[PDB]
Ligand SMILES: *[C@@H]1O[C@H](CO)[C@@H](O[C@@H]2O[C@H](CO)[C@@H](O[C@@H]3O[C@H](CO[C@H]4O[C@H](CO)[C@@H](O)[C@H](O)[C@@H]4O[C@@H]4O[C@H](CO)[C@@H](O)[C@H](O)[C@H]4NC(C)=O)[C@@H](O)[C@H](O[C@H]4O[C@H](CO)[C@@H](O)[C@H](O)[C@@H]4O[C@@H]4O[C@H](CO)[C@@H](O[C@@H]5O[C@H](CO)[C@H](O)[C@H](O)[C@H]5O)[C@H](O)[C@H]4NC(C)=O)[C@@H]3O)[C@H](O)[C@H]2NC(C)=O)[C@H](O)[C@H]1NC(C)=O
Ligand SMILES: *[C@@H]1O[C@H](CO)[C@@H](O[C@@H]2O[C@H](CO)[C@@H](O[C@@H]3O[C@H](CO[C@H]4O[C@H](CO[C@H]5O[C@H](CO)[C@@H](O)[C@H](O)[C@@H]5O)[C@@H](O)[C@H](O[C@H]5O[C@H](CO)[C@@H](O)[C@H](O)[C@@H]5O)[C@@H]4O)[C@@H](O)[C@H](O[C@H]4O[C@H](CO)[C@@H](O)[C@H](O)[C@@H]4O)[C@@H]3O)[C@H](O)[C@H]2NC(C)=O)[C@H](O)[C@H]1NC(C)=O
Ligand SMILES: *[C@@H]1O[C@H](CO[C@@H]2O[C@@H](C)[C@@H](O)[C@@H](O)[C@@H]2O)[C@@H](O[C@@H]2O[C@H](CO)[C@@H](O)[C@H](O)[C@H]2NC(C)=O)[C@H](O)[C@H]1NC(C)=O
Ligand SMILES: *[C@@H]1O[C@H](CO)[C@@H](O[C@@H]2O[C@H](CO)[C@@H](O)[C@H](O)[C@H]2NC(C)=O)[C@H](O)[C@H]1NC(C)=O
């Protein structure tokens, strides 16, 4: 009406420019207040003619329009005001952590990771033994996640841990996490009292209780060590899970001293111990794979 | 670690808040201690006492409701008396058993001079306690908020 422009160069960057048969008009859009030729950054919420936002929502100005931004969990539909909508369904309204579950509440969306995890909705640092069955809390990169220990375990091939290996000196302060024994390091944790000065350590440690059945879950079990003329003077707790393929994974934890080391039983994947001498008669007995 | 009230209200692993309903004297004179033995109302336990050793403190105790405006007193924590509202963190309490153990807290609240009438109304919040837990294992710092409400009215006679 008063802002007929000779050229598009007369429209300020806060106004849109329309070429209608090379006739230029500068009409600033809602969110800018003026006569059209020149408009300033001012919310359309207080123009002549006013604004039409919902009372609960707060009238705000956006780059290109003024807008009515409801409290979160609700979005504006023109003509209806704040309409109920699950913002957790829209990836432009909810930016939850990938493991966290968005829940819709009045006035916000809230990212809630499932029950059992310890976090503020963004970083749920779980604790080992809190996960559902088949999974346990392990680190991945820089965060804690629940994963199957049968694929996240480490492996050890320390032949020094065999119960007859008395020579040497060790300290298991470096063992933490899930581990597996392979090769000459044995098939499974030792299940019996091991004499002192064996397993290349000063005081040997052994599992008290037997390994569980295949595909049994994580069960806490006890563990003992032998020193002086007494065996299992001190008692600890460890966890063992059985895995597909016929192997076990173990929660190895540092000991209270620096002369304690876990022993392992020989793998004995042979019915006859032909790795022993033919002059050292193999004793093929149930539960006692040995030669004498 | 998990805690529960005498009335059964519990807070899971992770922290949170719970409502603790307590009985109070229906009348207390000026100069006499109102005694709120909260050791019978709040119980906690150790979930894995074989290794981790947990330490529990009262980080802040503050008066609310009728106690904040018509009473003054002290809080007896672990046998020792401290000002109420609290101005310092209380010593650590060791919890080393799966068997639930009392939280050793008792309030000794003496009314101030009053024109008379009901000073504490039923259903009003009389105290808020922030339980702080630490250990010697890692950076566990969980907050257990205890909202203390009066079951009955407390008359303070003129005096
Ligand atoms: C792991 O290393 C062990 C070396 O210490 C080695 O021997 C084991 O030694 C254990 C420590 O004493 C022992 O536990 C106690 O043993 C008492 C007697 O043993 C019973 O069981 C034997 C078979 O295992 C039998 O031969 C015995 O005759 C006896 O039989 C009966 O058993 C019943 C139930 O088990 C009891 O009710 C009877 O009392 C008992 N006797 C009769 C006549 O009926 C048990 O009395 C004792 O019971 C526990 O529980 C009772 C109920 O709650 C309670 O009243 C007891 O006081 C006792 O409480 C305490 O329980 C703790 C665990 O809850 C236990 O700590 C841990 O025990 C583990 C057991 O394997 C392990 O030793 C661990 O390191 C310990 O820290 C306390 O020791 C216990 N208190 C006391 C004072 O003992 C309980 O059963 C094991 O039985 C014994 N196992 C044997 C001999 O085979 C293990 O062999 C070795 N495991 C391996 C290599 O796999
Ligand atoms: C490998 O094992 C070693 C142990 O040899 C482990 O090292 C430490 O192990 C201890 C013991 O687990 C850790 O200490 C505590 O762990 C607590 C989490 O698990 C314990 O508590 C569970 C309580 O219930 C939770 O979980 C269930 C689901 O299981 C859930 O429904 C509940 O709502 C709740 O979330 C309990 O269930 C659990 O038992 C299961 O898991 C074990 C194996 O862990 C298994 O054997 C059982 O059969 C069962 O399946 C287990 O008892 C954790 O909550 C706890 O923190 C609280 O308590 C402490 C102590 O009071 C407080 O200080 C703290 O503030 C909390 O209140 C505590 O953390 C310890 O953290 C481990 N140390 C480290 C460094 O991890 C290894 O971690 C294991 N894993 C690896 C990879 O090595
Ligand atoms: C234009 O507004 C009407 C009514 O809006 C009312 O008056 C405004 C100035 C502002 O104060 C609003 O908060 C008022 O509600 C809209 O019709 C609906 O009216 C009902 C009841 O008045 C209200 O609850 C709804 O939210 C309104 N719907 C909305 C705001 O979308 C009308 O729909 C508006 N036209 C639009 C938004 O195009
Ligand atoms: C204030 O916000 C509340 C919720 O945050 C709005 O209530 C919603 O209104 C829509 C439209 O009528 C309903 O479909 C929803 O079910 C309501 N949700 C709840 C939780 O009540 C309310 O409309 C807002 N106030 C105004 C004036 O719009």
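In chain A, numbers come from Swiss-Prot; the residues present are 25-316, in order.
This entry, so its header tells us, was determined using electron microscopy, 7.4 Å.
The backbone N, Cα and C atoms fix where each Cβ goes, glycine too.
Copied over from Swiss-Prot:
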- A:28-64: domain 'EGF-like 1' (DOMAIN)
- A:35-A:50: disulfide bond (DISULFID)
- A:38: N-linked glycosylation site (CARBOHYD)
- A:52-A:63: disulfide bond (DISULFID)
- A:65-107: domain 'EGF-like 2' (DOMAIN)
- A:69-A:83: disulfide bond (DISULFID)
- A:76: N-linked glycosylation site (CARBOHYD)
- A:77-A:92: disulfide bond (DISULFID)
- A:80: N-linked glycosylation site (CARBOHYD)
- A:108-149: domain 'EGF-like 3' (DOMAIN)
- A:112-A:126: disulfide bond (DISULFID)
- A:120-A:135: disulfide bond (DISULFID)
- A:137-A:148: disulfide bond (DISULFID)
- A:150-171: region 'Beta hairpin' (REGION)
- A:155-A:170: disulfide bond (DISULFID)
- A:172-291: region 'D10C' (REGION)
- A:217-A:255: disulfide bond (DISULFID)
- A:223-A:287: disulfide bond (DISULFID)
- A:232: N-linked glycosylation site (CARBOHYD)
- A:248-A:256: disulfide bond (DISULFID)
- A:275: N-linked glycosylation site (CARBOHYD)
- A:300-A:315: disulfide bond (DISULFID)
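The disulfide-bonded residues in question are A:35, A:77, A:135, A:155, A:217, and the one with the fewest Cβ neighbours inside 10 Å is A:217. If you look at the domain 'EGF-like 2' (A:65-107), the same-chain residues 6 or more away from its ends with a CB under 8 A from one of its CBs are 38, 53-57, 117, 128-133. With all protein chains in the displayed structure included, the most crowded Cβ environment within 10 Å among the disulfide-bonded residues A:126, A:287 is that of A:287. Proximity to residue A:63 (disulfide bond), judged by a C-alpha distance within 10 Å, picks out A:38 from the recorded positions A:38, A:69, A:77, A:148, A:232, A:300. Candidate recorded positions: A:112, A:135, A:256, A:275, A:287. Those with a Cβ under 6 Å from ligand 2, in sequence order, are A:275. The two recorded residues, residue A:112 (disulfide bond) and residue A:120 (disulfide bond), show a Cα separation of 9 Å. Below 8 angstroms of C-beta separation, residues 95-99, 155-156, 167-169 of the same chain, each at least six residues beyond the ends of the domain 'EGF-like 3' (A:108-149), sit close to that stretch.
In this structure the alpha carbons, written CA, of residue A:170 (disulfide bond) and residue A:83 (disulfide bond) are 44 Å apart.
Here the Cβ of residue A:275 (N-linked glycosylation site) has 23 other Cβ atoms within 10 Å, regardless of which shown protein chain they belong to.
Here the CA atom of residue A:38 (N-linked glycosylation site) lies 10 Å from the CA atom of residue A:50 (disulfide bond).
The local packing around residue A:38 (N-linked glycosylation site), expressed as other Cβ atoms within 10 Å of its Cβ over all shown chains, amounts to 16.
Taking only the Cα positions, the spacing between residue A:92 (disulfide bond) and residue A:83 (disulfide bond) is 5 angstrom.
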